[PDB]
Structures are given as C-alpha cells and as structure tokens.
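Should a chain be cited, it is by its letter among A, B, C, D, E, F, G and H, assigned in written order, with residues numbered from 1 in that chain.
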Amino acid sequence: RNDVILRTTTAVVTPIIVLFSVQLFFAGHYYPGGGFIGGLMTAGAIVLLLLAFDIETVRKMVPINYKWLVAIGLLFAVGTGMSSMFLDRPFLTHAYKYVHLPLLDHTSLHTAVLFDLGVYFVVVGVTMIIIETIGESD
Amino acid sequence: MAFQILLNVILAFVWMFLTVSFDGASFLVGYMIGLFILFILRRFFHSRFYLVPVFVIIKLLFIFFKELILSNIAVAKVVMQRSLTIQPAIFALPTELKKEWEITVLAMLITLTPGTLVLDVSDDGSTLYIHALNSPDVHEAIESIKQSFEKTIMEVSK
Amino acid sequence: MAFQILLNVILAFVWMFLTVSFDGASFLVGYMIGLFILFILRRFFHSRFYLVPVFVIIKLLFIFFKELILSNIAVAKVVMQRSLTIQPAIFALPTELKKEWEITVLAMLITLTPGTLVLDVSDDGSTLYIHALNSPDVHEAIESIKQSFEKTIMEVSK
Amino acid sequence: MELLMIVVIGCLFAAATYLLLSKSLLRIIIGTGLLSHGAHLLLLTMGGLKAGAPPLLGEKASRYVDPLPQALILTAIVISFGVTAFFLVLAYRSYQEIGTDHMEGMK
Amino acid sequence: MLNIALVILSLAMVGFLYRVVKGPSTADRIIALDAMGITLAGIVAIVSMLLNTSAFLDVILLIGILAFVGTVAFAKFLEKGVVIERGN
Amino acid sequence: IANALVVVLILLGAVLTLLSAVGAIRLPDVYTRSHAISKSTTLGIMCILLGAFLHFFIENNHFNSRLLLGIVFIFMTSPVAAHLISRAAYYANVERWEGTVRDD
Amino acid sequence: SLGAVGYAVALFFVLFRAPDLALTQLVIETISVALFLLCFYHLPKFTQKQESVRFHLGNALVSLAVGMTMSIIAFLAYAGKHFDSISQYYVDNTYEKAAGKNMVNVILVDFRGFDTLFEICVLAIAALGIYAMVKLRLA
Amino acid sequence: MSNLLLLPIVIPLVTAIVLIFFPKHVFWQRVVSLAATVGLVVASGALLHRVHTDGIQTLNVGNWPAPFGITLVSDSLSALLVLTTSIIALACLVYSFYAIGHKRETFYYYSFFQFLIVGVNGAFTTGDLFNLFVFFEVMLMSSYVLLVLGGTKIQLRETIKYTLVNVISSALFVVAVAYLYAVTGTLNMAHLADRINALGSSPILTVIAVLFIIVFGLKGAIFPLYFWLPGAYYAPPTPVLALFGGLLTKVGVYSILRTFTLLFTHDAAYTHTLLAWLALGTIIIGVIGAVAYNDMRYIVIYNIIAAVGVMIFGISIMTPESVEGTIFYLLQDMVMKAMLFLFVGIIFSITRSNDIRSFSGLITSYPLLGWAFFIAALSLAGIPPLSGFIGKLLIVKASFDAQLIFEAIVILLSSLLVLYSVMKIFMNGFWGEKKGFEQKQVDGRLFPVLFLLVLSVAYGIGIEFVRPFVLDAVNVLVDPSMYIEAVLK
C-alpha cells in the first residue's frame, strides 16, 4: 500500500503552495490577498503534508505547537497598537518603522504589515489546532 | 550531476570576482568559460558531463507535451465513436526502476499516454498494474512504447 | 548536499519569476523562503540539511588558518633555538578515510600542523606515513589532534 | 439586478428557516450555513451592485465598487466560520457522549 | 467569442453534475466534483477576460490547489478509514 | 480581442472540456470515465489558461506568472488525482461493465 | 448542496467584483464542508434510518413568511429615500494617506483595524474551545 | 493620556493572551488574573473620575476623523457600567479561585474569563454598530465556551440550545446593519443619528427600529424572546453563572437604551408603546416563573427576567426621572444578581441538593450566611434602607407623572412577588428543624459574597455620593446633541 506517487507529488507540490501563500501575504496592501488567505493556504500546505504522512511525523517535520503561535500573533497586533500609544498618538496609528536586525539595513516598512503578520500567525495556528485536534481524538 | 552545475555557478562567481564588474553578462561569460573548464575535467567526476541530463530532461518535457496531445486525440476519437466498441483491460508489467522518483515519473508519463491509466504500483518496487482502455488495440505496441519510455528514464539516471 | 543548494537557487529563481521584479534583493528574499521550505522537506533528502556542511567547511577554513599560525610559531621557536635539541621521526598512522578528496584534505591539513610533514600515503587507502620534527614532544598528543581532525572530516561527509 | 438578489436571498432565508425547524441536528447546522450565506449576500446587495472596477487603486477607473460592505462581509465570514466550526465539533461531541441525533428527543 | 466558451463550459458543468447525481459508486461523484471545480476555474478565467481585470487569477490557482487537496483527502477517506493516521 | 491564436485556444479548450463532459456521461465504467475526465479536462483547462495568459500578455502588456504556475500545477496534479480515485475505487471491490482477462 | 451553495456564492463574489471575498469564501467553504463530513460519518448506527425531511404545514408557513418578510423589507429599504455613502473618502485617501492600493485590506487593517483585532480574538477563542471540548472529559 | 478609555479594553485582552502560555501552572494563572483584575478596577475608577471632571471622552482609534474611522466614546453611563463590570468580575474571580476544580482550570479557564470581560467592556464603550456586533460575538463566543467547559451531558445539551439561538440572533443583527446601511450610508452612532434625524419621517426607520428591538431582546431576554434562558442558565457552574446573570442580559438592555435615546427619536409614540407592552409581558412572565418554582436557580433566573422587564419599562418613558430610575436599578441589579447566584452556589455546596423541599434548618449552623441572604433578599425586593429602592421609586413616580396608574401598580405587585420568591427560599431553607444536610465548614468563598453585599448596602446608604454621575449620564441620554457634537467635531 505504498504511497510513493502521493508522497513524491506532495514533495514537489508543497513548495509552490508555500510560495503562493507567502506571495499572497506580501502583496496584500497593493493587490488582493492578505494575512487571511495567506495563513489559510500555509495551513493548507501543512494539511497536504498531514494527508501524505502521519500526525507525529508532521509535527516532527514542522516542530511547532500552534497555541504559542496564536498567542504570539495576538501579541504582535496588540504590541503594534501599544507602540502606537507611547509616542503621543492614539492606539494603532500606524506610522513607518525601520528594522535593521541586522538584515537588509534600515528596512523601512509600514506597520500595518506586522498587524497582518499577527493575522497570519493566528490563522495558521487556529486552523492547525482545529485539524490536529480533531485528528488525534479517537 | 547537480554538483557540476553548482561548480559551474561558483566558477562563474569566481570569474565575476576576478574582474571588478558585477553584471549578468559577466555571469554568462564566466558560465561559458566554466562550461569549457568542466569539459576539460570530466575524468574526475563520476556520473556524466552535465549537459546530457539537461537535454534528456528537455526530451522528457517534450515527450510529456506530445503524449498529452496524442492522448486527448485518442480520447476524442473514442468518445465521439459509437461507445460499444471499446474493450477494457487490467494488466501487470515488470519494472527495473528502483528509486521512487523515476517510478513516479514513469507512472505520470504512462498515465498521460493514450489508452492507459495506473492503479496499484506494487508494494515491492517490482511490478506495476495498469488499466488499458482498448485491449486488442494497445497492449503490445504500447508496451513497446513504455519500454522506450523507461529506457529513456534509465538513461536520465545513467 | 549540493542538490539542496541547487534546489534552493532554483526556488529563488521561481520566487523572482512569481513577481515581475528581477534584482538581488528579491533573490535573497526568495533564497530565505526556499531555505525555510527545504527545512520543512528534510525527510525526503538523504544526506543532511545543507547548513551543517557549510558551517563545518567554515570550521575547516578556520582550522587551516589557526594551525598555520601555530605551525609557524613552532618553527620560529625551533629555528632560533640552539639546533641540537630536535629529534626526528617517521611514523605510520592507520586511516579510515576512503575517497581521495578527504584523504588529500587530511594530508594538506596535517602537513600544515606544527611539527609534521607528510610523505608516502600508501598504495592502499589505509595507512599514511608522516615525518615528525620533534619525536618525544609531539607523537601522541598530535596523534590525538589528527584523530580530532579526521573526526571533523568524517562529520563533514556525514 | 438587486431585485433578483432580493428574491434569491429570500429563498435562502426561507430554506434556512425551514431547516432550523427540523428534528435532526445536522439539518439545523446546514440551515445555520444557509442563513449565513443569505446574510452575507444581503450585505453585498444592500451595499449596491452598480457596475465599476474591483476595489483596487492600480486599476485607474472612473468609479469603483463600494469598499465598505466587502470588508464588513469578510469580517462576518471569518466570525461565522469560527462559530460554525465550534458548533460542528460540539455536535460531534454530543453524538459521541449522548448517542442520539433527534433534537426533540433531547430532554 | 467568449460567450460561446462560457456556454460550452456551462453545459460541461451541467454534464458533470449529471454524473455527480447518478452513478452507483462514490468514485464517479468524486471525479465529477473534481472536474466541476476545474471547469469553475476555467469559467473564472474567461469571466476575468470579459471584465478586463487581472484581479482574479489567484482565484484560479486557489481553485486548483483546493480541488487537489479535497480529492486527495476523500481518496484517503475511501481507503481504510481515516484521513489522518495516528502516531506509532 | 483581436488574435486568431488566442481565440482558437480559448474555443479549443472549451470544446475539449465539453468532450470531457460527454465522455463522463457516456462511458460505462468508473475507469473509462477516469481516462476521459483526467486527460481531456486537463488539456482543456491548460488551453483555456494559455489563452487567457496570452490575452493579458498581448492587449495589456502585463506578464501574469500566476497563470503559468497554475498551468504547471494542474498538469502536475489532475492525473495523480485520477490515479488516487481509481485506486480507491479498485480497492473497494468495485468493478463494472464486463471485466476481461484482468489480474488482481 | 450546501457546498455547492458556498462555491456559487463565491462565484457571485467573483461576478460582483469582490476578489478577497471570493478567495476567503472558497477556502472557508472547503474547510467547513470537510467539517460537515466529519460530523456525518459518526452518526450512531442505531435509530439513524436515513429518513426524509418530515413535512409539517406550520413550519412551511412560518418559513415562507420569514423569507417574504425579509425580502419585502430589503426591497422597501433599498428603494426609498437616501443619503449616498462615505466611501469617496476611502477611494480618495487609501494611497494619499495610507500606504496601499488595495482598499478592502486597507479598511481591514488601517482605517477600521480596531475590529479586526477582535475577530482574531474570536478565532482564538474558537480554537481554544475546540481543544478544550475534545480534551477535557471529566464527566 | 487620552488612551485611558482603552484601559478597560486593553488590560484584560493582554492578560488573556499571556494566560495562554502557561496552562498547567495554575498558581501563576491565579496571580496574574487577580493582579490584572485589580488593575482593571483601578483603571475603571480613574476613567469614571476622568469623565466626571471634564466632559465626555471621545477617542478616534487611528488619527482618522469621526465619520470615517472607529470612534470609542465613554460617557458617564458607560464608565459606570465598566466599573460595575469590574467589581462583579473581581468577586466572581475570587469565587472561581475557591470553586472551580483543578481540571477545569488547567484547560484555559481564566483566559476565557478575561475574554468575556473583554467582550462586555468593549460592548459598553463603542461608537460603531458593526464594532458593537464584533464585541457581541467576542462576548458570546467566550460565553459558549464557558458554558460548555467540563463536558457533562447537561451543559452539552444546553450549549447546543444556547449556541443555536445566538447564531440566529447574530444573523439577524447582520441583516439589520445591512438594511440601515442601505438607508443611511454610515456606520458610526453619531453620524447616522444625525442622518436619521435628517429624514425622520420615513416608515422604514420604524421597521428597522423594531428589528433592533427583536435582536437586542434576543440578547437580553424580553417577552416573547426569552425562551432560551431558563435551561441555558440552568446548565453552567456557579461563578460562570454569576458572570452570565450579572453581565450578559444587561448589555442588551444598554443597547436598547442607547438605540432609543440616540438613534430613533422621530415617531416615538409607536416605538414606546411597543416597548411598554413588551416590558409588561416580561414582568408578568418573570413573576409567574418566580412564583412557580421550588428550585433556587430557577427563582433567580426568573428574577433576572422580571428585573429586565422593569428596566425596559423605565426605558419606555422619555422622561429624565424614568431614565434616572432605570440607571440606578440597572447598576444595583447587576451587582445583586451576581450576589444571589453566589449565594445559591454556597447553599448548594452545603446541601448537595437544589430542592427547597429537601432541607431545612440552616440558621442553627450557618448564621452569617443566613442573615446575609436575608439582607440580600430584602435588598432585592426594594426595602428603603437597602439598594434597590430609589430606582423603582423614581420609575413609579415617573409613571404616575405620565398617567400610567395600572402599570405602576404592576411594578409594585411585581416587587411583592419577587420578595415572596426569595423569602420562600429563606423561610423554607434556613428556618425549620434540621433534616437535610450534614455539617460541613465552608471556607473562603463566603467573603466575595460578603464584599458584594457590603457594597450593595453602602450603595443603598450613599445615594448622594453616587448620584451626580447618574445626573451627568441622564443629561447626556435625554440630549443626544451633546453626544453628536462631541464626536463629530
């Protein structure tokens, strides 16, 4: 009952789903897409990995628990609002921000994208919590 | 076969670093020079000078497109025909192919062939069952076609 | 180990093609995305997730530079010393290294080690003779050093 | 065109209401789904359906479709999906522990 | 023109719907739903050519990936119970 | 729209999808329908997407790579879908329309 | 059929010029139909019997009254007197004041982003509640 | 600075998020939730002093102007409701420390608590209808999970019932927002209030106002929309039930209040006579159910229904004395119903039974609890040194001043019947000889109930302290011109 064809087409189909979800996420402010559909299809790529494999194997391949993901994404959205609050502005004012981690020095981005990033992480986490909670119930 | 391609890419990097200009034209010039240099040094590598796998995977892409068009013309002349004429079959075929990548590209090629459809690759990687749409029409000629297909798949992997 | 690097490069190409901008910044973005994707798909490959060979060849480069400096400090304190003190030796060492590339990088590392010089790697790929400059000083400690060196060479190639 | 959308959301409302008033629980959740579809189509219809470009400023058209009702619908869609997934897992739990589907028999 | 292709795809979707209504086994209904989704992707492509907008191609690749994931899920369901196995 | 190739690609993909539908109706077994549906609607949808790709590439000068990745994805994924449904039907001890010489 | 209703509502969203709604609608209907099929195949095999929808006359009268009532309120509301809208500001200041060309997403995260935070909260509560219902079995 | 208005919303929210990380560490769950609830009470008191000193507090969320972004508005009534919510939440949280077992609070209990108080606190301060929708679903989703958590058969069944009803009412609020957007074109309270007052002679506004009555009366149980509430509140455990009875039905009452004092003012005669008859039916249903049952939880449930009916009848008169009376009665009734559910929980803990006919003689073993329940019963009825007197006094006076004799007599007889129900509990349970129970020392959980009782007694004594807040609340409710010139600057 070897699923060699299913596993190999999963291995070559999962990267284009992941690139498609990341491209949906990054192009949200200018074209259709956003954190919602990008998070749902990142979860769909992990769903395809769940369909090709076990439930312990996929958490071995992707070593995340998703409850911390939904908590940290909620933290990103609220912290974007708080960083808006401190500088004599109302909550979620959304000015620009430089990130030099150092990665690609002084990357100037609009802070609505980190709000979208919180949306992204909570959508991925919620969908995966639902699916792998139902899966191992028995 | 990928190590030679990576080695040609990094020799193009060394050529771009040997001058002080960084541009795609210098990358193509350095890639051509590295192609000549790897042609000189074919003895040390083990698999193959890397252009032959590139040309035969281009051959497999063209075989995919051509067998797709031929398969849909065959289905076109089966469906618009009076539909009492077909004769089904399910048959086995032995296999010499070992890795699961060549087995699935053989299966994906032979699915898209006119008159055939895969079901039950065996548990052992030793036989493949397949559903023929027309039994007396394509059962030995298309077996020669799939022998040529798996011959080309064998000579991809040397 | 090179197939994964080539696969990351062509996934960065697919990322640059998925948008309509062609620039090195988008290439680095696509390379990071492909690094994450190949970290997801580590199960299908056979050797190793490819960052560990990159870090250990950086480790071998640093070992080359450090053993070069230590070797020249050792020769500095041998030559300016009154030259009646050294004790020569030639000795064998067994070898588990199979391919000639790891054998020659072992030989090029252990030549450049303080107090050693290679002559007569055997016809069989099983033992290596070596000329020690100081016999009682470095004959078992430097043997532990070369055991650590060939251990690092073994964990380069998994 | 709004008249046709009104006379089809009315049929969605009538169907949802008829499935909610039934004896089995899965029919009730199907009616919940149809009621959600009717409400979301009603938001889109009452926002207006006059022809213009999709809400994207790259397309430089003279007039655009209204951007507000689409955002309100997308909010309502994700909220309705959360409640629907919860209520489906709840129905699964009640099938597992109680052992019946009859809604009138639930006492 | 484009309206002719929409009529032809609409009648094709009606044909796949006739196969999803009847057909004794479940597998006929599954393949009919798969082809019906792919035909829906074609309808979205042609109506995007009609509306003269490039704003719906993500819908097309989305319909493709959703159809593949749903069909492999239900094909796993017909084979020996679960769609998601338990850990060893 | 003004191109002969674009129009003939769109109409050929549409007609070939309708051929997939009448093959879904008329063929007697699950496996023959797998043949017809798989190959014919795969090539039909790729012809339609190539036509739409060429239309937006010509009369708008906009290179849309999402259509090309859709074509590659559908080509990769619809025959393996037909393979999985056909293996799922065969393992369910389902056989129709006068089985010939067939082995297990 | 509920699935077909969902995918055709997505096709309405395509046809009424709403791309984001179509994308999210397609994915959410596929997940929800998978959850309905989860809920179907674990029905208890006793007292199941697969029986049709029982016809009661009062249910049909109430349902037709509900549908025609909300239809006629929608027609009366849509076709009366009116003030126009406030979306000229959003099509005039999505790019001049915010950083965006999309307008559904800029409304969702910048102009009215205060209520997107709490739908994220609703999804979080839903996932945590599903986990809590499945795992906690004190009885 | 000006973000003080968000501190009732932001403080529990953050808290709920950081309670997700450590489920198995119940001690730190208790410590963090307790400290954050105390900070919530302090921040709500600071907000109430802020809205008392200078005017009504309006905050645009972005830097966007008043029609076009989300605006949060805190007037004096919303600040009073936030402070009352904070006090009830603190008392229910300490009762939750003593009452909820270990297994239920390893599984995210305090997170769901904090999300419920997020939902109610966000619902009392908002200036948009659709944002109010979103806060209703935050509140309702957390209430679904708090109702079902634990997973016995009873709370499974009535979670199915409660969830079904609230899904239907959520869809109805969606279609009401859709109709009103098609008529007006805006979504914030103040600007659509201005637009409705610019075309106030249209019948469709009356139809949509009646639809909002139906939605918000599905939220807070009015006749004939009450039918979900007895079984749904018979299901949950005791501090969850105290949260539900204190908070959930009273935000529908506030939404009716804001709707008919802000939005729909033209053609007032039809809407107010509809509210009057629905309120009379609600009072009659509540007192019939309170008389009928010999079960403690059902008695307190139908007292919730009766008090909601009295508040709606106070809303149905557009006089400032009736509005003042229903604000006083609203605050004390939130506090009092939370108190009475905590009493019922302590008595059930002692007796291992909920039937009044099963046990007697609790004064001889639990005197402090007995006389505390006696004072709680007399304060529920409306005896003048206690809390709920001045509210129904002003309601009765405003109904007599508008020539409604029969309805005022209905209010007074309802007060009599609710007194009879709670004193039936006291006289059959506490008095008599000892037969029903076994001596068991209670501990700890009696003290939040005593804290609520002391605050209710001090509320009844000190009306002159707590009145000028209610006077500014009345001055902004019967004049929405100050509301719409505060927001639309």
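We adopt the following convention: a contact is a pair of C-beta atoms (placed from the backbone, for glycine too) under 8 Å apart; a residue touches a chain by one contact, two chains touch by 3 or more.
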Hop distance check: chain C to chain G, minimum number of steps through touching chains?
2
Chains touching both chain E and chain F, listed by label:
A
Would you say A-D or E-G is joined by more C-beta pairs in contact?
E-G
With chain centres defined as C-alpha means, what is the inter-centre distance between chain A and chain B in Å?
35
Using the average of all C-alpha atoms in each chain as its centre, how far is it in Å between chain F and chain G?
32
Inter-chain centre distance, chain C versus chain D - centres from mean C-alpha coordinates, in Å
63
If you average the CA atoms of chain D and of chain G, how far apart do the two points sit, in angstrom?
4
Which residues of chain G are in contact with two or more other chains?
17, 19-20, 23-24, 27-28, 31, 38, 70, 74, 77-78, 85-86, 90, 100-102, 104, 108, 110, 112-116, 119, 121-123, 125-126, 128-131, 133-135
Multi-chain contacts only, two chains or more: what residues does chain F have there?
22, 34, 38, 42, 66, 69, 73, 77, 80, 82-84, 86-87
Among the residues of chain H, which are close enough to touch at least two other chains?
13, 20, 61-62, 130, 134, 137, 141, 144-145, 148, 151, 175, 178-179, 182
Touching residues (chain side chain D, partner chain A) in the complex:
54, 56, 58, 74, 78, 85, 89
Per the contact definition, I'd like the list of chain H residues that touch chain D in the complex.
130, 134, 137, 141, 144-145, 148, 151, 153, 156-157, 159-160, 163-164, 167-168, 170-171, 174-175, 177-179, 181-182, 187
For a test of understanding, state which residues of chain B touch chain A in their complex under the given definition.
100-101, 103-104, 107-108, 118, 121-123, 125
Per the contact definition, I'd like the list of chain G residues that touch chain E in the complex.
7, 11, 14-15, 17, 19, 22-23, 26-27, 30, 34
Which stretch or stretches of chain C touch chain F in the complex?
17-20
